[PDB]
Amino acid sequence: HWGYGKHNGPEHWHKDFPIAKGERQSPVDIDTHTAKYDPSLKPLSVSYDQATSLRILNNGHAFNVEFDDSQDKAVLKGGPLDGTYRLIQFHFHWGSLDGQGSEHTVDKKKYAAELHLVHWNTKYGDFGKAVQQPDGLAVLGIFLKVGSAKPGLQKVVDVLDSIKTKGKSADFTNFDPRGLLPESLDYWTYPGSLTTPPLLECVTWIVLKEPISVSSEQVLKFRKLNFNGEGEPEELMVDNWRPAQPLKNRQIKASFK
């Protein structure tokens, strides 16, 4: 099965998932000098006041904080998007060292981690139908750098010991994802894909320019998670990031000068 190891990592994924070599794969390097300001892009609208978190799950490649998406409660709209996209889950990608971990890069810079807030287009009715469409998902990507702690992340960090291994979940209600957002919503946007198999080309990527700061202790606790299940040999869940993929015939657009 696919993973992030030497024999099953990103360079192998194309054998089971040939779209890995497709025309709109993610992540990508964001060349800040070539990204063009698009004055027709609107401000992002992030409406998370009614978000209902339910559960946190170690799925063997990251941990997902899942939300009730059976109603319009936490939605992303505006920006490059047409219509309304409902928050379904968020998760992170991170490194074994502070010098790597993000999936997107900025002028080849790798951040310590990257948060993905995943939303699906309500016109397709559910997530499973949305991923079959070129405009089915909108993923808000936020870089993490190591410095001061992020207070709004600590409730996540503190539950990780209860979901150490693949397949473990824990109740995780009343978590407010607004506490994970930077001050500015300036962003880059481009059409891309899921960054894990099945690598479907269904994502409008919206990557925020401003990183959030998290403490060394916070990211160190991400690195204590396990890829393996309980009672299997311990493999630390680190370096669960796909590297940048060829941009091909795409343009990255900036919301800001």
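Basically, rigid core = biggest C-alpha set you can superpose within 1.5 Å across the two forms. Just count from 1 along the sequence shown to find any residue number.
Engineer: State which stretch is farther from the displayed form on average in 4 other deposited structures of this protein, 190 to 198 or 36 to 44, counting RMS CA distance after fitting on the rigid core.
Structural biologist: So, of the two stretches, the farther one in 4 other deposited structures of this protein is 36 to 44.
Engineer: Higher mean Cα B-factor in the deposited model: 138 to 146 or 153 to 161?
Structural biologist: Looking at the recorded C-alpha B-factors, 153 to 161 comes out higher on average.
Engineer: Looking only at CA atoms, which has the higher mean B factor in the entry: 173 to 181 or 70 to 78?
Structural biologist: Taking the mean B-factor of the alpha carbons in each, 70 to 78 is higher.
Engineer: Quiz for you: based on the deposited Cα B-factor, which of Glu210, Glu201, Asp29, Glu230 is highest?
Structural biologist: So the option with the highest C-alpha B-factor is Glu230.
Engineer: Could you place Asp126 in the lowest, middle or highest third of its chain by Cα temperature factor, using the values in the record?
Structural biologist: It belongs to the highest third of the chain when residues are ordered by C-alpha B-factor.
Engineer: Relative to the other modelled residues of the same chain, rank the CA B-factor of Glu11 and answer lowest, middle or highest third.
Structural biologist: Highest third - that is where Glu11 ends up once the chain's C-alpha B-factors are sorted.
Engineer: Consider only the C-alpha atoms of the modelled residues in this chain, order them by B-factor as the entry records it, and name the third containing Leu194: lowest, middle or highest.
Structural biologist: Its C-alpha B-factor, which the entry lists for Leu194, ranks in the lowest third among residues of this chain.
Engineer: Just say lowest, middle or highest third for the CA B-factor of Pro243 relative to the other modelled residues in its chain.
Structural biologist: Tercile = lowest for this residue's CA B-factor.
Engineer: With respect to C-alpha B-factor, does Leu54 fall in the lowest, middle or highest third of the chain as deposited?
Structural biologist: Tercile = middle for this residue's CA B-factor.
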